[PDB]
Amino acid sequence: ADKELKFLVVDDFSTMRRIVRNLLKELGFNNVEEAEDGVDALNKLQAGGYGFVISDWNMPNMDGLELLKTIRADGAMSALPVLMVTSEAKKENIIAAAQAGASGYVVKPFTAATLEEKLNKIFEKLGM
C-alpha cells in the first residue's frame, strides 16, 4: 500500500493508540493521527485527507460501532476502510460490526503479526 496513506487511530486509551501508531511506523506508515472517541474522530475525518481508520469500540461520546455506522452512511467517506480493534470478542459484537460494514475486526490483545496480517487483508480486498 501507499506509504503516505493517512491513518486515523481511535481509542479512548492512549496505550492502544500508542501501540497501533508504533506498529504502523514499523510497517512504514508515518502519516498517522489519533482521536479519543468517535466524535473527536469524525471531527478529524471531516478535516479531510484520511485513507484508513482503525478504531476501538468502547469509548465515551460515541462508541466505535456508531462511528463505523456514521462513516458508512456519509456519502463522502462511505467506503473509507474501517478496521475495528477492540476487547469485544463476543460473536454478536463481531456480527454487529461486520453487518455494519467493518473492513476487518481484530480482538485485543493482539500481536504485531495479527495487526499486520489483518491490515494487509484489507489492502488486498480493496486493491490498495
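When you see a residue number, it is the position in the sequence shown, counting from 1.
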When mean C-alpha B-factors in the record are compared for 27-35 and 79-87, the larger belongs to 27-35
Going by the entry, which of 55, 58, 93, 103 has the most elevated CA B factor? 93
Hey, what third does residue 71 fall into on Cα B-factor, ranked over its chain? highest
In terms of its chain's C-alpha B-factors, the third that includes residue 47 is the highest
Ranked against its chain, the third holding the CA B-factor of residue 10: lowest
Record-listed C-alpha B factor of residue 16: chain third: middle
When the modelled residues of the chain are sorted by Cα temperature factor, does residue 112 land in the lowest, middle or highest third? middle
